[PDB]
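J.: Data: my_file.pdb, PDB, C-alpha atoms.
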ATOM      1  CA  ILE A   1       0.000   0.000   0.000
ATOM      2  CA  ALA A   2       1.129   3.557  -0.908
ATOM      3  CA  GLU A   3       2.073   5.924   1.944
ATOM      4  CA  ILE A   4       3.846   9.238   2.369
ATOM      5  CA  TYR A   5       5.065  11.174   5.347
ATOM      6  CA  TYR A   6       7.021  14.341   6.133
ATOM      7  CA  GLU A   7      10.414  15.141   7.639
ATOM      8  CA  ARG A   8      13.210  17.699   7.469
ATOM      9  CA  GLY A   9      11.194  19.459   4.809
ATOM     10  CA  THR A  10      11.002  16.388   2.596
ATOM     11  CA  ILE A  11       8.357  13.841   1.669
ATOM     12  CA  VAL A  12       9.176  10.168   2.060
ATOM     13  CA  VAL A  13       7.297   7.839  -0.231
ATOM     14  CA  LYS A  14       6.905   4.114   0.459
ATOM     15  CA  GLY A  15       5.198   1.833  -2.055
ATOM     16  CA  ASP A  16       4.869   3.285  -5.582
ATOM     17  CA  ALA A  17       8.410   3.395  -6.962
ATOM     18  CA  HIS A  18       7.514   5.634  -9.916
ATOM     19  CA  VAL A  19       6.298   8.724  -8.131
ATOM     20  CA  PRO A  20       7.180  12.044  -9.935
ATOM     21  CA  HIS A  21      10.049  14.188  -8.666
ATOM     22  CA  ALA A  22      10.733  11.559  -6.028
ATOM     23  CA  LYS A  23      14.273  10.205  -6.159
ATOM     24  CA  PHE A  24      15.738   7.109  -4.550
ATOM     25  CA  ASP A  25      17.707   7.763  -1.378
ATOM     26  CA  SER A  26      20.268   5.022  -0.799
ATOM     27  CA  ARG A  27      20.916   6.147   2.758
ATOM     28  CA  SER A  28      17.369   5.402   3.830
ATOM     29  CA  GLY A  29      16.454   2.964   1.083
ATOM     30  CA  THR A  30      13.462   5.118   0.154
ATOM     31  CA  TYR A  31      12.201   7.560  -2.440
ATOM     32  CA  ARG A  32      12.245  11.162  -1.321
ATOM     33  CA  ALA A  33      11.081  14.551  -2.633
ATOM     34  CA  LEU A  34      11.193  18.175  -1.486
ATOM     35  CA  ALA A  35       8.074  18.961   0.517
ATOM     36  CA  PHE A  36       6.548  21.370  -2.044
ATOM     37  CA  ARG A  37       6.171  18.438  -4.423
ATOM     38  CA  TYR A  38       3.462  17.230  -2.072
ATOM     39  CA  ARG A  39       0.646  18.522  -4.236
ATOM     40  CA  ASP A  40       2.013  16.839  -7.367
ATOM     41  CA  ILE A  41       2.426  13.529  -5.595
ATOM     42  CA  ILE A  42      -1.125  13.684  -4.331
ATOM     43  CA  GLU A  43      -2.637  14.564  -7.720
ATOM     44  CA  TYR A  44      -0.521  11.706  -9.041
ATOM     45  CA  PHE A  45      -1.942   9.137  -6.658
ATOM     46  CA  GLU A  46      -5.550  10.262  -6.944
ATOM     47  CA  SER A  47      -5.374  10.721 -10.722
ATOM     48  CA  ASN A  48      -4.156   7.143 -11.213
ATOM     49  CA  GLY A  49      -6.691   5.806  -8.727
ATOM     50  CA  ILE A  50      -3.790   4.711  -6.538
ATOM     51  CA  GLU A  51      -4.528   3.902  -2.893
ATOM     52  CA  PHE A  52      -2.375   5.722  -0.375
ATOM     53  CA  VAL A  53      -1.908   6.882   3.223
ATOM     54  CA  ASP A  54      -1.105  10.511   3.950
ATOM     55  CA  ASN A  55       1.170  10.701   6.995
ATOM     56  CA  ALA A  56       2.696  13.845   5.501
ATOM     57  CA  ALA A  57       0.049  16.547   5.975
ATOM     58  CA  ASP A  58      -0.722  17.486   9.568
ATOM     59  CA  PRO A  59      -3.237  20.372   9.085
ATOM     60  CA  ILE A  60      -4.067  22.647  11.966
ATOM     61  CA  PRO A  61      -7.832  22.357  12.647
ATOM     62  CA  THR A  62      -9.432  25.305  10.874
ATOM     63  CA  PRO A  63     -13.075  26.524  10.993
ATOM     64  CA  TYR A  64     -15.355  27.506   8.137
ATOM     65  CA  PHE A  65     -14.720  31.183   7.372
ATOM     66  CA  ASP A  66     -17.581  33.350   6.146
ATOM     67  CA  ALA A  67     -16.734  37.013   6.814
ATOM     68  CA  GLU A  68     -17.056  40.395   5.005
ATOM     69  CA  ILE A  69     -15.331  39.964   1.613
ATOM     70  CA  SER A  70     -15.237  43.653   0.563
ATOM     71  CA  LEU A  71     -12.862  44.070  -2.379
ATOM     72  CA  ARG A  72     -12.453  46.526  -5.288
ATOM     73  CA  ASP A  73     -13.492  45.222  -8.684
ATOM     74  CA  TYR A  74      -9.948  44.777 -10.003
ATOM     75  CA  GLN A  75      -9.033  43.239  -6.622
ATOM     76  CA  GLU A  76     -11.782  40.639  -6.972
ATOM     77  CA  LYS A  77     -10.756  40.141 -10.592
ATOM     78  CA  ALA A  78      -7.314  38.720  -9.766
ATOM     79  CA  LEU A  79      -8.527  36.656  -6.848
ATOM     80  CA  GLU A  80     -10.693  34.704  -9.259
ATOM     81  CA  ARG A  81      -7.828  34.220 -11.663
ATOM     82  CA  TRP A  82      -5.519  32.984  -8.905
ATOM     83  CA  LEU A  83      -8.305  30.667  -7.704
ATOM     84  CA  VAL A  84      -7.875  28.545 -10.782
ATOM     85  CA  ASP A  85      -4.634  26.915  -9.651
ATOM     86  CA  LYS A  86      -4.368  28.454  -6.201
ATOM     87  CA  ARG A  87      -0.625  28.407  -6.726
ATOM     88  CA  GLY A  88       0.588  31.711  -8.126
ATOM     89  CA  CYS A  89       1.555  35.323  -7.604
ATOM     90  CA  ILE A  90      -0.660  38.418  -7.609
ATOM     91  CA  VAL A  91       0.494  41.916  -8.442
ATOM     92  CA  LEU A  92      -1.624  44.781  -7.103
ATOM     93  CA  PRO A  93      -1.481  48.547  -7.625
ATOM     94  CA  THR A  94      -2.625  49.441  -4.153
ATOM     95  CA  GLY A  95      -0.945  47.911  -1.080
ATOM     96  CA  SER A  96      -3.742  47.929   1.490
ATOM     97  CA  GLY A  97      -5.585  46.068  -1.237
ATOM     98  CA  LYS A  98      -2.855  43.467  -0.957
ATOM     99  CA  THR A  99      -3.708  42.745   2.648
ATOM    100  CA  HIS A 100      -7.238  42.694   1.241
ATOM    101  CA  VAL A 101      -7.117  40.099  -1.520
ATOM    102  CA  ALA A 102      -5.186  37.960   0.970
ATOM    103  CA  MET A 103      -8.054  38.153   3.444
ATOM    104  CA  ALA A 104     -10.426  37.260   0.660
ATOM    105  CA  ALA A 105      -8.471  34.135  -0.296
ATOM    106  CA  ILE A 106      -8.182  32.897   3.265
ATOM    107  CA  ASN A 107     -11.938  33.332   3.560
ATOM    108  CA  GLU A 108     -12.686  31.316   0.415
ATOM    109  CA  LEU A 109     -10.598  28.265   1.293
ATOM    110  CA  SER A 110     -11.122  27.773   5.007
ATOM    111  CA  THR A 111      -7.826  25.892   5.359
ATOM    112  CA  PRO A 112      -4.852  26.433   7.793
ATOM    113  CA  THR A 113      -2.818  29.385   6.565
ATOM    114  CA  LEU A 114       0.716  30.644   7.060
ATOM    115  CA  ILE A 115       1.366  34.302   6.232
ATOM    116  CA  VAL A 116       5.044  35.152   5.851
ATOM    117  CA  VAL A 117       5.866  38.851   6.168
ATOM    118  CA  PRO A 118       9.195  40.625   6.610
ATOM    119  CA  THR A 119       9.699  42.404   9.933
ATOM    120  CA  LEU A 120       7.674  41.805  13.054
ATOM    121  CA  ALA A 121       6.150  45.261  12.651
ATOM    122  CA  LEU A 122       4.412  44.151   9.446
ATOM    123  CA  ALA A 123       3.325  40.943  11.165
ATOM    124  CA  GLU A 124       1.753  42.879  14.020
ATOM    125  CA  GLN A 125      -0.302  44.701  11.412
ATOM    126  CA  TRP A 126      -1.494  41.515   9.716
ATOM    127  CA  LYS A 127      -2.483  39.898  13.000
ATOM    128  CA  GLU A 128      -4.766  42.739  13.981
ATOM    129  CA  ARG A 129      -6.410  42.701  10.555
ATOM    130  CA  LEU A 130      -7.037  38.981  10.615
ATOM    131  CA  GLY A 131      -9.235  39.594  13.632
ATOM    132  CA  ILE A 132     -12.247  39.706  11.299
ATOM    133  CA  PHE A 133     -12.051  35.902  11.462
ATOM    134  CA  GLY A 134     -11.824  35.629  15.217
ATOM    135  CA  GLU A 135      -8.914  36.857  17.274
ATOM    136  CA  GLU A 136      -8.750  33.357  18.768
ATOM    137  CA  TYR A 137      -7.831  31.737  15.426
ATOM    138  CA  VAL A 138      -5.050  34.190  14.718
ATOM    139  CA  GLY A 139      -1.553  33.392  15.875
ATOM    140  CA  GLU A 140       1.990  34.632  15.545
ATOM    141  CA  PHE A 141       5.071  32.525  15.043
ATOM    142  CA  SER A 142       8.167  34.624  15.505
ATOM    143  CA  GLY A 143      11.207  35.086  17.700
ATOM    144  CA  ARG A 144       8.740  36.945  19.907
ATOM    145  CA  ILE A 145       6.156  34.136  20.232
ATOM    146  CA  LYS A 146       5.782  30.706  18.605
ATOM    147  CA  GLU A 147       2.071  29.924  18.491
ATOM    148  CA  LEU A 148       0.327  27.752  15.893
ATOM    149  CA  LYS A 149      -3.228  28.841  15.105
ATOM    150  CA  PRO A 150      -5.139  28.053  11.879
ATOM    151  CA  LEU A 151      -4.089  31.551  10.791
ATOM    152  CA  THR A 152      -0.518  32.280  11.774
ATOM    153  CA  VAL A 153       1.551  35.167  10.514
ATOM    154  CA  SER A 154       5.287  34.693  10.493
ATOM    155  CA  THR A 155       8.388  36.683   9.562
ATOM    156  CA  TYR A 156      10.644  35.636   6.694
ATOM    157  CA  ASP A 157      13.205  34.990   9.432
ATOM    158  CA  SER A 158      11.246  32.894  11.904
ATOM    159  CA  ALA A 159       9.684  30.919   9.043
ATOM    160  CA  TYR A 160      13.047  30.138   7.451
ATOM    161  CA  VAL A 161      14.511  28.864  10.713
ATOM    162  CA  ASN A 162      11.451  26.769  11.674
ATOM    163  CA  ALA A 163      10.749  25.355   8.237
ATOM    164  CA  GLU A 164      10.812  21.910   9.799
ATOM    165  CA  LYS A 165       8.067  22.822  12.273
ATOM    166  CA  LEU A 166       5.836  24.838   9.935
ATOM    167  CA  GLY A 167       6.319  22.755   6.782
ATOM    168  CA  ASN A 168       3.406  20.342   7.124
ATOM    169  CA  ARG A 169       0.891  22.196   9.263
ATOM    170  CA  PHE A 170      -0.494  24.501   6.543
ATOM    171  CA  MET A 171      -2.347  24.017   3.265
ATOM    172  CA  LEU A 172      -2.224  27.645   2.202
ATOM    173  CA  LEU A 173       1.009  29.617   2.058
ATOM    174  CA  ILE A 174       0.973  33.363   1.570
ATOM    175  CA  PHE A 175       4.053  35.500   0.936
ATOM    176  CA  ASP A 176       3.858  39.196   1.611
ATOM    177  CA  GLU A 177       6.672  40.260  -0.702
ATOM    178  CA  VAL A 178       7.279  43.871   0.257
ATOM    179  CA  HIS A 179       9.650  45.006  -2.517
ATOM    180  CA  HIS A 180      10.285  41.240  -2.833
ATOM    181  CA  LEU A 181      12.330  38.950  -0.587
ATOM    182  CA  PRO A 182      15.551  36.904  -1.237
ATOM    183  CA  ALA A 183      15.538  33.777  -3.399
ATOM    184  CA  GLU A 184      17.136  32.157  -0.340
ATOM    185  CA  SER A 185      14.532  33.414   2.128
ATOM    186  CA  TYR A 186      11.437  33.254  -0.050
ATOM    187  CA  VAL A 187      12.327  30.265  -2.230
ATOM    188  CA  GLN A 188      13.807  28.267   0.632
ATOM    189  CA  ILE A 189      10.687  28.572   2.823
ATOM    190  CA  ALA A 190       8.352  27.603  -0.016
ATOM    191  CA  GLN A 191      10.382  24.524  -0.999
ATOM    192  CA  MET A 192      10.230  22.899   2.474
ATOM    193  CA  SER A 193       6.481  23.470   2.853
ATOM    194  CA  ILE A 194       3.929  20.913   1.625
ATOM    195  CA  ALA A 195       1.295  23.659   1.303
ATOM    196  CA  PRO A 196      -0.568  22.907  -1.915
ATOM    197  CA  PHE A 197      -1.810  26.489  -2.118
ATOM    198  CA  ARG A 198       0.530  29.387  -2.631
ATOM    199  CA  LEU A 199      -0.225  33.080  -2.931
ATOM    200  CA  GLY A 200       2.568  35.614  -3.358
ATOM    201  CA  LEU A 201       1.708  39.281  -2.868
ATOM    202  CA  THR A 202       3.273  42.552  -4.157
ATOM    203  CA  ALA A 203       2.093  46.203  -4.215
ATOM    204  CA  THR A 204       3.320  48.219  -7.194
ATOM    205  CA  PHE A 205       2.869  51.260  -4.926
ATOM    206  CA  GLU A 206       4.528  51.523  -1.502
TER     207      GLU A 206
END
Show how you would write the structure in this file as structure tokens.
T.:
Amino acid sequence: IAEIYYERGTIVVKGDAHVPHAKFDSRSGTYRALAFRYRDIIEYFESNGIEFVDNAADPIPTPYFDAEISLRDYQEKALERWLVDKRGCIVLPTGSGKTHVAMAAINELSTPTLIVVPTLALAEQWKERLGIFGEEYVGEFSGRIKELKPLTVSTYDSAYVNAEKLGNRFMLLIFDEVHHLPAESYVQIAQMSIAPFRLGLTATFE
């Protein structure tokens, strides 16, 4: 029987020996893939009607969100385009409409979400902004506090260092790229996360 599980930011696959992007690891005697390949491996099992056990994903229990989705027309335009693959980047003119489309997305897919923002300061803002979902579901994971709520905002720093710990607890990954972040900060965090849904955010202005 097919089974997968997570560790050190990688997916271990037992059973199927022809799983995509999974390579054989002679040290362990197993196939292994970077955690972000999680989604592909899943769609591979399901698509081929293959039976499997998911010991990889360990989703934080998240409620059904149904709050005030107030966006601008162009803001709601993109959201719907990103909703097709739920794995892309969104460029927005505004900037407060960035922290807006994000909110919208979270609300649509009521799944555990990690929000990576540079600087604590910017995290503090996002927390109190996520409150329109329930202050009790909003957490912060940083050098200041390491809490894991269904909606946790983290700093590029804290997220990079605890990739092991955050990697399999979220299904939706959001990057608040303020002027964009390093291909060693940004890229590295993404790669070790199993999160099948990714949303990168940038504000042309400010």
J.: At what distance in Å, to one decimal, does atom CA of residue 165 of chain A lie from atom CA of residue 145 of chain A?
T.: 14.0 Å
J.: Between A:8, A:77, A:14, A:87, single out the one closest to residue 40 of chain A, counting only C-alpha atoms.
T.: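 Going through A:8, A:77, A:14, A:87 one by one, the smallest distance to residue 40 of chain A is for A:87.
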J.: Could you check how far atom CA of residue 164 of chain A sits from atom CA of residue 60 of chain A, in Å to one decimal?
T.: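 The value is 15.1 Å.
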J.: Would you mind listing what lies within 10 Å of residue 54 of chain A as a list in words, with all atoms listed in the file counted and same-chain residues fewer than 4 positions away left out?
T.: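 The contact residues come out as residues 2, 3, 4, 5, 6, 13, 42 and 58 of chain A.
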J.: Which is closest to residue 105 of chain A among A:56, A:172, A:91, A:22, if we use only C-alpha atoms?
T.: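 Of all the options, A:172 lies closest to residue 105 of chain A.
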J.: Decode the PyMOL selection byres ((chain A and resi 68) around 10) for the given file into explicit residues and return them as a list in words.
T.: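 Applying the expression gives residues 65, 66, 67, 69, 70, 71, 103, 104, 107, 132 and 133 of chain A.
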J.: In Å, rounded to a single decimal, give me how far atom CA of residue 110 of chain A is from atom CA of residue 59 of chain A.
T.: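 Taking atom CA of residue 59 of chain A and atom CA of residue 110 of chain A, their separation equals 11.6 Å.
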J.: Padding 8 Å on each side, edges along x, y and z: where is the centre of the box around the listed atoms of segment 116-128 of chain A, and how long are its edges in Å to one decimal? Output it as JSON.
T.:
{"center_x": 2.5, "center_y": 40.2, "center_z": 9.9, "size_x": 30.5, "size_y": 26.1, "size_z": 24.2}
J.: What would the selection look like, as an mmCIF file with C-alpha atoms, in the frame of the given file, if the PyMOL selection byres ((chain A and resi 140-143) around 6) were run on the coordinates I just shared?
T.:
data_model
loop_
_atom_site.group_PDB
_atom_site.id
_atom_site.type_symbol
_atom_site.label_atom_id
_atom_site.label_comp_id
_atom_site.auth_asym_id
_atom_site.auth_seq_id
_atom_site.Cartn_x
_atom_site.Cartn_y
_atom_site.Cartn_z
ATOM 1 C CA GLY A 139 -1.553 33.392 15.875
ATOM 2 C CA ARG A 144 8.740 36.945 19.907
ATOM 3 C CA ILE A 145 6.156 34.136 20.232
ATOM 4 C CA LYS A 146 5.782 30.706 18.605
ATOM 5 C CA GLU A 147 2.071 29.924 18.491
ATOM 6 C CA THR A 152 -0.518 32.280 11.774
ATOM 7 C CA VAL A 153 1.551 35.167 10.514
ATOM 8 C CA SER A 154 5.287 34.693 10.493
ATOM 9 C CA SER A 158 11.246 32.894 11.904
#
J.: Using all atoms listed in the file - which residues lie no farther than 12 Å from the point (9.0, 23.6, 9.1) in the file's frame? Write them as a PyMOL selection string.
T.: chain A and resi 6-10+35-36+57-58+114+141+148+154+158-170+188-195
J.: Assuming the chain letters and numbering stay as they are in my file, what does the PyMOL selection byres ((chain A and resi 101) around 12) actually select? List them as a PyMOL selection string.
T.: chain A and resi 68-83+89-100+102-108+174+176+199-203
J.: So, counting all atoms listed in the file, which residue among A:44, A:126, A:64, A:186 is closest to residue 157 of chain A?
T.: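 Looking only at the distances to residue 157 of chain A, the closest residue turns out to be A:186.
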J.: Of the candidates A:120, A:150, A:52, A:41, which one gets nearest to residue 135 of chain A if we count only C-alpha atoms?
T.: A:150
J.: From the options A:155, A:88, A:63, A:29, which residue's atoms come nearest to residue 112 of chain A, counting only C-alpha atoms?
T.: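 With only C-alpha atoms as the atom set, the closest residue is A:63.
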J.: Give the answer as one residue: which of A:109, A:116, A:173, A:187 has the shortest atom-to-atom distance to residue 156 of chain A, using all atoms listed in the file?
T.: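 Using all atoms listed in the file, the shortest distance to residue 156 of chain A belongs to A:116.
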